[PDB]
Amino acid sequence: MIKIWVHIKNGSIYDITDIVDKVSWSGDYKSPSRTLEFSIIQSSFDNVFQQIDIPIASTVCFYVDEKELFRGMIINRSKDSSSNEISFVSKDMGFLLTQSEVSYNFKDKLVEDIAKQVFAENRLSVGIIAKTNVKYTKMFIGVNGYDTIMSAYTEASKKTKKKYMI
Amino acid sequence: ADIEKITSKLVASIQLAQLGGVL
Amino acid sequence: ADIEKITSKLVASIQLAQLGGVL
Amino acid sequence: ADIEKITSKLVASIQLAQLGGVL
Amino acid sequence: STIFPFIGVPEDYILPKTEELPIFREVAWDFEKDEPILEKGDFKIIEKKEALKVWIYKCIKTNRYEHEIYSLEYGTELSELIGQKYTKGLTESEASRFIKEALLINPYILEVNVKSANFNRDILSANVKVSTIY
Amino acid sequence: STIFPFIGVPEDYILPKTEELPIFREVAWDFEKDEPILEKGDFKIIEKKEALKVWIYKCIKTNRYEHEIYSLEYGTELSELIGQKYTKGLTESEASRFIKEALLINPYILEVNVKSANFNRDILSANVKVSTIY
Amino acid sequence: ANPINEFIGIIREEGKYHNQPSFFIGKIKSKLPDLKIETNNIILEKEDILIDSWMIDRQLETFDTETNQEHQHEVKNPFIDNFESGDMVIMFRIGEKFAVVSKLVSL
Amino acid sequence: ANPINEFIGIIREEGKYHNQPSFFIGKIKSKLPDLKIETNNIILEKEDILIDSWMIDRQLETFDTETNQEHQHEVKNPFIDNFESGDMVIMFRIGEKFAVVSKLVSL
Amino acid sequence: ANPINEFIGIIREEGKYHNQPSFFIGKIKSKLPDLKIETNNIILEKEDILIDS
Amino acid sequence: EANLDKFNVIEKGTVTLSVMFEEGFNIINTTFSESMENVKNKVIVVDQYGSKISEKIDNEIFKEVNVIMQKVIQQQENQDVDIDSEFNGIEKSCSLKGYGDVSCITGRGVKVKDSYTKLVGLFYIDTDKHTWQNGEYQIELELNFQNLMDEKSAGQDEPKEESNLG
């Protein structure tokens with residue numbers, strides 16, 4: 001049992017499970033965001049098969065066995081005239097980290113505090129942050145938040161013999 | 001023309017990955 | 001060997017484009 | 001998925017060539 | 001403080017647990033006189049299959065496109081067959097289709113079969129079997 | 001000028017209009033005398049089916065390439081059949097095709113059928129059925 | 001959009017990811033004895049600054065001449081220059097601290 | 001020619017398209033009061049030049065000592081140096097004008 | 001390992017092959033009249049040095 | 001543009017072709033796309049030192065995408081930059097294959113009719129390719145959407161004439 005729901009800008013909510021043709025869900029350890037791809041059937045030749053429209057930058061939710069696994073924004077949209085299909089590409093919220101670009105001056109700071117400050121500067125909600133009592137000192141000029149956090153946690157990993165991810 | 005389609009797909013994938021952020 | 005032929009075609013196309021000038 | 005397999009083969013070939021040394 | 005990067009508000013993303021359909025209940029009806037039934041100075045409420053009988057009776061009795069209050073899917077088209085507008089076989093097939101499609105819109109009804117069909121004089125007889133979740 | 005309606009139209013956006021043809025109107029014409037008709041000291045205007053009759057009569061009565069003012073589409077080639085230049089079956093086929101292709105240029109005419117065809121002495125008779133939007 | 005040109009542009013753009021600027025430009029906020037420098041919304045302290053030797057050397061208040069005719073003179077140094085607030089400097093980044101090379105003025 | 005090696009060479013070459021030189025070398029044509037510098041077939045005027053402060057400061061003609069024994073002396077500055085035509089300088093490009101840092105001589 | 005990310009990393013690494021450092025840091029071994037400078041396990045003589053005036 | 005032995009500098013879209021592409025007449029296939037990847041809706045200006053002086057947000061683009069994607073530009077002493085040029089919106093494109101003439105080349109404007117709504121849109125040609133082989137001739141175009149052509153006349157230009165000539 002998989003369900004897909006779409007929230008449109010005006011306030012309408014649709015359940016589009018009966019129209020979906022294919023679903024894909026994937027991630028990699030070298031990027032902070034996960035991706036979701038799906039297709040629906042919409043025919044312009046036939047009046048019966050015309051569907052609703054889902055504009056760019058609307059929220060899509062993915063459920064499996066009554067559990068929410070994905071929530072993200074619609075980024076790409078494509079329509080082929082030969083085939084009766086419309087394709088969508090969605091991305092997690094995690095790509096918001098790489099948009100930020102700030103300059104910091106860190107002296108003898110805990111890595112957890114560094115991550116907390118980076119998340120707080122560009123306003124973002126924090127669920128939980130791994131704890132490590134390793135102090136770091138660095139000067140960041142023109143670097144992403146994602147790169148800042150990853151560099152600090154790599155320096156912590158040089159001592160904890162661990163690996164970390166966002 | 002196969003090379004053109006392959007290049008188009010590769011370019012689209014690289015652009016999506018750039019938007020998503022790569023470490 | 002398909003990868004070798006594809007790479008050869010891609011290299012030839014890129015060299016021609018470099019000669020023509022790319023903005 | 002063809003593009004993914006082609007990219008995997010290209011990446012493996014490039015890594016081997018990097019290890020071998022390229023002038 | 002923190003931004004909400006999704007369309008709407010956090011309240012719209014709470015999903016109520018999906019449960020079985022609530023027990024089907026309806027006001028009792030008197031088929032012989034076509035009236036609702038009063039009990040102890042109030043309407044009498046019946047449950048499960050009796051309510052389904054009331055709903056099926058009312059659905060079969062109405063015409064499909066006659067009334068403005070109803071949508072285009074409510075009602076039956078059995079009035080088009082009166083007077084032998086089609087041959088006997090075509091009328092039989094169309095009657096089966098009309099009854100099935102009219103009844104199947106209720107989510108509490110699972111399948112419908114029209115099995116026996118006989119023409120005697122000016123009367124058409126049929127047997128209908130309905131399967132529900134109960 | 002902002003919307004991009006090729007993938008889909010926005011929900012709030014309202015289509016400006018639906019495209020329909022105006023009511024076909026034409027100066028009335030009498031066929032036994034081949035004149036326009038004067039009514040109360042002015043030209044009389046009719047509409048819809050009678051106007052279409054006038055247009056059809058005028059289109060059938062003209063030759064195809066004879067007049068410089070007309071284009072290559074307007075007219076009919078029925079004058080090439082006089083005198084039995086072709087055989088009888090070829091004549092029937094050509095007459096049907098000529099009439100259909102000549103009449104179908106009017107946007108208000110939807111389909112043309114030439115059903116009957118008979119040879120009696122030197123006269124060829126046929127029945128033509130024209131279907132319009134009205 | 002021709003895909004080959006887009007690929008070449010992508011290569012040109014991604015080739016510049018690791019590059020760092022050659023030099024930095026900074027503005028002073030406090031005078032030379034307690035030097036403070038602002039660049040890229042960052043204020044540098046004395047722990048973060050390496051300076052040219054001549055800048056320190058030229059802030060000598062006074063020096064004396066040799067004796068002759070059984071008398072001496074005291075000459076005040078005219079080359080002393082303490083940077084004022086708002087001046088511009090050219091600086092190079094070495095590890096974790098910046099090195100101040102010279103001060104630039106429009107002539 | 002193996003296509004993989006050619007592709008690697010193409011990447012290495014196209015990655016260098018946007019890079020700019022770190023510094024520039026220039027030759028003077030007119031003396032310091034009206035300074036002119038030639039580099040890359042381009043002659044710079046005073047509108048295009050930012051110079052080190054010490055270069056301007058050291059061209060002080062004269063200074064005086066303090067008084068003693070009811071007399072004073074005048075001392076001529078020996079550090080004055082006006083660049084001659086044909087000298088070499090090291091210069092860094094900042095926006096639309098060049099910054100002159102130091103003059104180089106073979107020792 | 002996603003091949004696209006590996007390709008992007010390969011491009012980023014191979015784009016830096018021809019680059020050279022902007023400046024060098026060196027420490028003196030002999031006084032100014034006969035100047036000697038050591039950098040990157042290389043000792044410079046007076047034939048190899050241009051100095052500020 | 002180098003035509004024959006001459007060099008020219010022209011502005012795109014000044015010439016609009018007479019031929020129009022319609023679904024029922026001369027189109028083999030089309031593919032319409034929309035993308036959000038290259039959107040910019042915030043501009044930050046910095047001084048020569050790297051310190052920030054001003055910022056701006058575009059509301060019309062921000063309405064379409066809830067997110068803020070920032071851009072950083074630097075002004076020198078002798079330049080005063082204009083912020084409003086640096087904003088970028090959603091990109092809408094088309095890939096078309098069909099029948100036409102040798103007049104459809106890069107740098108010209110073309111018209112495509114929408115089948116469902118019977119609306120006409122104006123596009124600029126970015127890439128083109130003409131092929132002759134086996135006695136048939138086909139074209140492939142890469143189109144960039146400008147705006148919807150106004151029904152009848154947008155400004156309703158009327159020929160300004162005197163009521164009486166003399």
# chains A, B, ... in the order shown; residues from 1 in each chain; ligands from 1
call {"tool": "closest_atom_pairs", "arguments": {"of": "chain G", "to": "chain B", "cutoff": "9 Å", "atoms": "only C-alpha atoms", "output": "Markdown table"}}
result
| residue | atom | partner | partner_atom | distance |
| --- | --- | --- | --- | --- |
| G:2 | CA | B:8 | CA | 8.5 |
| G:3 | CA | B:8 | CA | 5.4 |
| G:4 | CA | B:7 | CA | 7.1 |
| G:6 | CA | B:11 | CA | 7.2 |
| G:7 | CA | B:11 | CA | 6.3 |
| G:10 | CA | B:11 | CA | 8.4 |
call {"tool": "write_last_selection", "arguments": {"atoms": "N, CA and C atoms", "output": "PDB file, in the first residue's frame"}}
result
ATOM      1  N   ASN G   2      22.228  23.297 -27.550  1.00  0.00           N
ATOM      2  CA  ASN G   2      23.008  22.162 -28.023  1.00  0.00           C
ATOM      3  C   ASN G   2      23.695  21.486 -26.841  1.00  0.00           C
ATOM      4  N   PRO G   3      23.509  20.177 -26.649  1.00  0.00           N
ATOM      5  CA  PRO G   3      24.070  19.519 -25.456  1.00  0.00           C
ATOM      6  C   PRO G   3      25.584  19.593 -25.342  1.00  0.00           C
ATOM      7  N   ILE G   4      26.316  19.615 -26.457  1.00  0.00           N
ATOM      8  CA  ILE G   4      27.775  19.668 -26.389  1.00  0.00           C
ATOM      9  C   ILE G   4      28.245  20.979 -25.768  1.00  0.00           C
ATOM     10  N   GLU G   6      26.551  22.875 -23.745  1.00  0.00           N
ATOM     11  CA  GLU G   6      26.186  22.835 -22.334  1.00  0.00           C
ATOM     12  C   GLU G   6      27.179  22.010 -21.531  1.00  0.00           C
ATOM     13  N   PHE G   7      27.630  20.886 -22.087  1.00  0.00           N
ATOM     14  CA  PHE G   7      28.638  20.071 -21.416  1.00  0.00           C
ATOM     15  C   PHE G   7      29.943  20.834 -21.239  1.00  0.00           C
ATOM     16  N   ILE G  10      29.525  23.317 -18.514  1.00  0.00           N
ATOM     17  CA  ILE G  10      29.511  22.639 -17.222  1.00  0.00           C
ATOM     18  C   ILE G  10      30.930  22.311 -16.776  1.00  0.00           C
TER      19      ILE G  10
END
call {"tool": "calpha_fit_and_write", "arguments": {"fixed": "chain B", "moving": "chain D", "output": "PDB file with N, CA and C atoms, in the first residue's frame"}}
result
ATOM      1  N   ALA D   1      23.053   9.971 -34.133  1.00  0.00           N
ATOM      2  CA  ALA D   1      22.234  10.799 -33.256  1.00  0.00           C
ATOM      3  C   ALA D   1      22.173  10.214 -31.850  1.00  0.00           C
ATOM      4  N   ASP D   2      22.627   8.968 -31.711  1.00  0.00           N
ATOM      5  CA  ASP D   2      22.630   8.322 -30.403  1.00  0.00           C
ATOM      6  C   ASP D   2      23.501   9.091 -29.419  1.00  0.00           C
ATOM      7  N   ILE D   3      24.641   9.596 -29.892  1.00  0.00           N
ATOM      8  CA  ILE D   3      25.542  10.347 -29.028  1.00  0.00           C
ATOM      9  C   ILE D   3      24.864  11.611 -28.518  1.00  0.00           C
ATOM     10  N   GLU D   4      24.051  12.255 -29.358  1.00  0.00           N
ATOM     11  CA  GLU D   4      23.351  13.462 -28.926  1.00  0.00           C
ATOM     12  C   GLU D   4      22.345  13.164 -27.821  1.00  0.00           C
ATOM     13  N   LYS D   5      21.579  12.080 -27.957  1.00  0.00           N
ATOM     14  CA  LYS D   5      20.620  11.722 -26.915  1.00  0.00           C
ATOM     15  C   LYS D   5      21.324  11.354 -25.616  1.00  0.00           C
ATOM     16  N   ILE D   6      22.425  10.605 -25.715  1.00  0.00           N
ATOM     17  CA  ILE D   6      23.180  10.243 -24.520  1.00  0.00           C
ATOM     18  C   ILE D   6      23.731  11.490 -23.841  1.00  0.00           C
ATOM     19  N   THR D   7      24.251  12.434 -24.628  1.00  0.00           N
ATOM     20  CA  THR D   7      24.780  13.667 -24.058  1.00  0.00           C
ATOM     21  C   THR D   7      23.681  14.485 -23.396  1.00  0.00           C
ATOM     22  N   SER D   8      22.494  14.522 -24.004  1.00  0.00           N
ATOM     23  CA  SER D   8      21.381  15.251 -23.406  1.00  0.00           C
ATOM     24  C   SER D   8      21.003  14.661 -22.054  1.00  0.00           C
ATOM     25  N   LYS D   9      20.916  13.332 -21.979  1.00  0.00           N
ATOM     26  CA  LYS D   9      20.578  12.693 -20.711  1.00  0.00           C
ATOM     27  C   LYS D   9      21.651  12.945 -19.657  1.00  0.00           C
ATOM     28  N   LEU D  10      22.923  12.852 -20.049  1.00  0.00           N
ATOM     29  CA  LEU D  10      24.006  13.103 -19.105  1.00  0.00           C
ATOM     30  C   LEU D  10      23.970  14.535 -18.586  1.00  0.00           C
ATOM     31  N   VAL D  11      23.721  15.502 -19.471  1.00  0.00           N
ATOM     32  CA  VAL D  11      23.662  16.901 -19.059  1.00  0.00           C
ATOM     33  C   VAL D  11      22.511  17.130 -18.086  1.00  0.00           C
ATOM     34  N   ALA D  12      21.338  16.561 -18.378  1.00  0.00           N
ATOM     35  CA  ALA D  12      20.204  16.728 -17.470  1.00  0.00           C
ATOM     36  C   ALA D  12      20.500  16.140 -16.094  1.00  0.00           C
ATOM     37  N   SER D  13      21.101  14.949 -16.059  1.00  0.00           N
ATOM     38  CA  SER D  13      21.432  14.327 -14.781  1.00  0.00           C
ATOM     39  C   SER D  13      22.430  15.168 -13.997  1.00  0.00           C
ATOM     40  N   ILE D  14      23.452  15.693 -14.675  1.00  0.00           N
ATOM     41  CA  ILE D  14      24.458  16.497 -13.989  1.00  0.00           C
ATOM     42  C   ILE D  14      23.836  17.770 -13.429  1.00  0.00           C
ATOM     43  N   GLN D  15      22.938  18.404 -14.186  1.00  0.00           N
ATOM     44  CA  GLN D  15      22.307  19.628 -13.695  1.00  0.00           C
ATOM     45  C   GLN D  15      21.438  19.358 -12.471  1.00  0.00           C
ATOM     46  N   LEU D  16      20.673  18.263 -12.492  1.00  0.00           N
ATOM     47  CA  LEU D  16      19.883  17.912 -11.314  1.00  0.00           C
ATOM     48  C   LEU D  16      20.778  17.675 -10.104  1.00  0.00           C
ATOM     49  N   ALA D  17      21.887  16.956 -10.295  1.00  0.00           N
ATOM     50  CA  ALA D  17      22.795  16.692  -9.185  1.00  0.00           C
ATOM     51  C   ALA D  17      23.426  17.976  -8.662  1.00  0.00           C
ATOM     52  N   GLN D  18      23.745  18.915  -9.555  1.00  0.00           N
ATOM     53  CA  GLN D  18      24.283  20.197  -9.115  1.00  0.00           C
ATOM     54  C   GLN D  18      23.278  20.950  -8.261  1.00  0.00           C
ATOM     55  N   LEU D  19      22.004  20.943  -8.666  1.00  0.00           N
ATOM     56  CA  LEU D  19      20.983  21.597  -7.852  1.00  0.00           C
ATOM     57  C   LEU D  19      20.870  20.935  -6.485  1.00  0.00           C
ATOM     58  N   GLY D  20      20.908  19.603  -6.444  1.00  0.00           N
ATOM     59  CA  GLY D  20      20.771  18.902  -5.180  1.00  0.00           C
ATOM     60  C   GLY D  20      21.938  19.080  -4.230  1.00  0.00           C
ATOM     61  N   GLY D  21      23.108  19.448  -4.743  1.00  0.00           N
ATOM     62  CA  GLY D  21      24.294  19.584  -3.920  1.00  0.00           C
ATOM     63  C   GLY D  21      25.116  18.315  -3.878  1.00  0.00           C
ATOM     64  N   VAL D  22      26.409  18.415  -4.172  1.00  0.00           N
ATOM     65  CA  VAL D  22      27.309  17.268  -4.178  1.00  0.00           C
ATOM     66  C   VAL D  22      28.491  17.587  -3.278  1.00  0.00           C
ATOM     67  N   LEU D  23      28.807  16.670  -2.374  1.00  0.00           N
ATOM     68  CA  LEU D  23      29.927  16.853  -1.466  1.00  0.00           C
ATOM     69  C   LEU D  23      31.254  16.709  -2.197  1.00  0.00           C
TER      70      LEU D  23
END
call {"tool": "closest_residue", "arguments": {"among": "J:126, J:34, J:142, J:11", "to": "chain F", "atoms": "only C-alpha atoms"}}
result
J:34
call {"tool": "select_by_dssp", "arguments": {"residues": "region 43-107 of chain H", "states": "alpha helix (DSSP H)", "output": "ChimeraX atom specification"}}
result
/H:53-57
call {"tool": "atom_distance", "arguments": {"atom1": "CA of residue 22 (chain H)", "atom2": "CA of residue 22 (chain G)"}}
result
6.3 Å
call {"tool": "residues_around", "arguments": {"residues": "residue 72 (chain A)", "least_positions_apart": "5", "cutoff": "12 Å", "atoms": "only C-alpha atoms", "output": "PyMOL selection string"}}
result
(chain A and resi 4-7+25+33-37+56-62+88-96) or (chain E and resi 4-7)
call {"tool": "atom_distance", "arguments": {"atom1": "CA of residue 138 (chain J)", "atom2": "CA of residue 98 (chain J)"}}
result
5.9 Å
call {"tool": "residues_around", "arguments": {"residues": "region 63-70 of chain E", "least_positions_apart": "5", "cutoff": "12 Å", "atoms": "only C-alpha atoms", "output": "count of residues only"}}
result
11
call {"tool": "decode", "arguments": {"residues": "chain B", "atoms": "C-alpha atoms", "output": "tab-separated table (two decimals), in the first residue's frame"}}
result
chain	number	residue	atom	x	y	z
B	1	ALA	CA	22.25	10.80	-33.26
B	2	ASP	CA	22.62	8.32	-30.40
B	3	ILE	CA	25.54	10.34	-29.01
B	4	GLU	CA	23.35	13.46	-28.93
B	5	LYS	CA	20.62	11.74	-26.90
B	6	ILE	CA	23.19	10.25	-24.53
B	7	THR	CA	24.78	13.68	-24.05
B	8	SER	CA	21.37	15.26	-23.42
B	9	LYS	CA	20.56	12.71	-20.72
B	10	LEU	CA	23.99	13.10	-19.11
B	11	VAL	CA	23.68	16.89	-19.05
B	12	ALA	CA	20.22	16.74	-17.46
B	13	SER	CA	21.42	14.33	-14.77
B	14	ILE	CA	24.46	16.48	-13.98
B	15	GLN	CA	22.32	19.62	-13.68
B	16	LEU	CA	19.88	17.91	-11.31
B	17	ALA	CA	22.79	16.67	-9.19
B	18	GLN	CA	24.28	20.18	-9.09
B	19	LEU	CA	20.98	21.59	-7.86
B	20	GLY	CA	20.75	18.91	-5.18
B	21	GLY	CA	24.28	19.58	-3.93
B	22	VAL	CA	27.31	17.28	-4.20
B	23	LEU	CA	29.94	16.88	-1.49
